[PDB]
Amino acid sequence: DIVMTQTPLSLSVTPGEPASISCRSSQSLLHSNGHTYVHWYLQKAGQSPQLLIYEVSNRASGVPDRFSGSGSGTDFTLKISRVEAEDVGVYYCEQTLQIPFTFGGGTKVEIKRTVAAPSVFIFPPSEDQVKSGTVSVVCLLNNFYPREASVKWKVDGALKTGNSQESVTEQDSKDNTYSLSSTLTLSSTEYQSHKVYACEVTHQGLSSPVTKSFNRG
Amino acid sequence: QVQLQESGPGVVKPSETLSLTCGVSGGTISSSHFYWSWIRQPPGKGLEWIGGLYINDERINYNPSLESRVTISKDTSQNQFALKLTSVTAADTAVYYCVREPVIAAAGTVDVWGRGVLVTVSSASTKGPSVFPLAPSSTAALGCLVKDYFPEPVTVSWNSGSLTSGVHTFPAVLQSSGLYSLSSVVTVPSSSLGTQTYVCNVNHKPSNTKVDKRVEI
Amino acid sequence: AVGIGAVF
């Protein structure tokens, strides 16, 4: 199988400057008929892939002049002369020279903006939740940039690993920020076996850790 | 002109057979110079090519990593493109796309993709969610935990869809129980808590479940 | 994609 290697994994662009993504094949994509069978797609969030460029350099029929493709052989480059808000998403290269067709791992293109620290909120679980027999304690990190962030759960001052799950939104189209939920899930018994619950947040927009806590009841 | 309309069951039990259909709106499946493909995308993991067929010679190609289990057919009787996959496991949970590709640029300067259908492989029973309000213990965050549902997806809105700014609905996570959980939050002016009511509306279409919860402090 | 090599 032909391996397609895409770089970088992720790119941050401020709107209007060019972007350049790289794709390299494990073997030549030139057919003896003289065509080179490599293609570029954009897949926006929750949407199906959209063909941007076919056979290295040609533009698919509805794609603006701002997208262009270059390269030969084994090395290919997609260029976006000016990235606009509408161009965010995951770009893929693909070869259709040999069976099976194979795609690159994808390049996530996001919008760069000023570093923004998260606003942190902790939600004590409602009585309904406690009578249900299992409880979820939610810690919300809202409207931060960039996407990297750390959340530690501390129960009665002790670090608590496991029993927690995280989830992150796509980049918000208005302010280019991210939000994150960290949910610590416990049984009602274990949950009521402790008193102080805290989520401790670190992020490069912060000068020091941010801790939000509550005493159960 | 041509649109690919996918359909199939959302849930398939493990070891059973997945079956998907791709209807051809605005044309016939027997048009010359087109290649028909099935591609899948596991949640958050990139695109895998399954197989395809070339109309002019009716050669059918399979990805060797799946070739044992997959059947791809053209169905002239129903103007349909079909995929069947036996002995499915959780590894086959993915969004499935059919695509029509012009094998030559004279036949077309763009391909056509179906909207994509989510197929979940699980033994869980279709179940509506429990909804719990999330209240804090200058600006305030409120939310709702949408818990213990199967399968995906769920719809969350605020105040019957009239409140959309500052709303973040986080991607669901699969629990060890095999059910999903997510949270939806919104930031509001604290000034407003005395005169405004906030209600999360949860619509779980696969189970016909509709739940409203008022969030208050 | 537009253009399929494996077919030729």
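Chains as they are written, first to last, in the entry's author numbering: chain B, 1 to 30, 30A to 30E, 31 to 212; chain A, 1 to 31, 31A to 31B, 32 to 52, 52A, 53 to 82, 82A to 82C, 83 to 100, 100A to 100D, 101 to 127, 134 to 213; chain E, 512 to 519. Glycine residues also receive a C-beta, built at the ideal position from the N, C-alpha and C atoms.
Compare the C-beta of A/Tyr194 against all C-beta atoms of chain E and say whether one is closer than 9 Å. no
Please indicate yes or no: does the CB of A/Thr87 lie closer than 8 Å to some heavy atom of the ligand MG? Absence of the ligand MG from the depicted structure is noted, as is the absence of any ligand whatsoever, leaving it without description.
According to the neighbour-count rule (16 or more other Cβ atoms, all chains shown, within 10 Å of its Cβ), is A/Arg56 buried or exposed? exposed
A/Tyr194: first and last residue of the uninterrupted beta strand (DSSP E) it sits in: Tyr194 to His200
Would you tell me roughly how many angstroms separate the C-alpha atoms of A/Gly157 and E/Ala517, rounded to the nearest one? 49 Å
Taking the alpha carbon of B/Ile94 as the reference point, which residue from A/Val169, A/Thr21 and A/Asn58 has its own alpha carbon closest? A/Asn58
For A/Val198 and A/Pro119, believed in contact at Cβ under 8 Å, the rounded distance: 6 Å
Hey, A/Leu178 and A/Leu141: beta-carbon distance below 9 Å or not? yes
How do the region 4 to 17 of chain A and the region 140 to 150 of chain B stand: do at least 3 beta-carbon pairs fall below 8 Å, yes or no? no
Kindly indicate which three-state DSSP category B/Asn53 falls into: helix, strand or coil? strand
Per DSSP, B/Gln38 forms a beta bridge with which residues? B/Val85
Which residues mark the beginning and the end of the beta strand (DSSP E) in which B/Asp123 is found? Unbroken run through B/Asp123 is the alpha helix (DSSP H), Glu122 to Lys126; no beta strand (DSSP E).
Whole-angstrom Cβ separation of B/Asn137 and B/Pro119, contact assumed at under 8 Å? Going by Cβ atoms, the distance from B/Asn137 to B/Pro119 rounds to 17 Å, so no, they are not a contact pair.
Hey, quick one: how far does the beta strand (DSSP E) through B/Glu161 stretch, first residue to last? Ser159 to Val163
For A/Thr100C, go through chain B and note every residue whose CB falls closer than 7 Å to its CB, in chain order. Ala55 and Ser56
Tell me, please, whether the CB atom of B/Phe96 is closer than 9 Å to any CB atom in chain E? yes
Cut-off 7 Å between Cβ atoms - residues of its own chain near B/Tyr32, not counting five sequence neighbours on either side: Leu29, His30A, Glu50, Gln90, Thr91 and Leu92
Taking A/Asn60 as the query, report the chain B residues whose CB atoms sit under 7 Å from its CB, ordered along the chain. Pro95
E/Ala512: buried (16+ other C-beta within 10 angstroms of its C-beta) or exposed? buried
At a Cβ cut of 9 Å, what residues of the region 178 to 206 of chain B count as close to chain A, listed as they run along the chain? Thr178 and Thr180
C-alpha gap between B/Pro44 and A/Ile213, whole angstroms: 43 Å
Taking only the alpha-carbon atoms, compute the straight-line gap between B/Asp82 and B/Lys169 and give it to the nearest angstrom. 14 Å
Contacting residues, own chain, Cβ-Cβ under 6 Å from A/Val121 (five flanking each side not counted): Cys140, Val142, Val198, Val207 and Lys209
In chain order, what residues of the region 32 to 47 of chain A put their CB closer than 7 Å to some CB of chain B? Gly44, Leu45 and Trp47
Pick from B/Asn53, B/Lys190 and B/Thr102: whose alpha carbon is nearest that of B/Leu9? B/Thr102
Can B/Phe209 and A/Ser186 be called in contact, C-beta distance under 9 Å? no
CA-CA distance, B/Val78 and B/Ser25? 25 Å
Collapsed DSSP secondary structure at B/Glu185 in the structure displayed: helix
Where B/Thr164 meets chain A, residues with beta-carbon distance less than 9 Å: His164, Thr165, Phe166 and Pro167
With burial defined as no fewer than 16 other Cβ atoms inside 10 Å of the residue's Cβ, what is the status of B/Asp70: buried or exposed? exposed
Return the residue from the list B/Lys107, B/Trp35, B/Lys39 and B/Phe98 that minimises the CA-CA distance to A/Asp101. B/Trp35
Got a sec: is the Cβ-Cβ distance from A/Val97 to anything in chain E below 9 Å? yes
What would DSSP say about A/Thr83, mapped onto helix, strand or coil? coil
Among the candidates B/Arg61, B/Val205, B/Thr180 and B/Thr178, whose CA atom is the shortest distance from the CA of B/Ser20? B/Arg61
Cutting at 7 Å between CB atoms, please list the residues of its own chain near B/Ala111, excluding the five before and the five after it. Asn138, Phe139, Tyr140, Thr172 and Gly200
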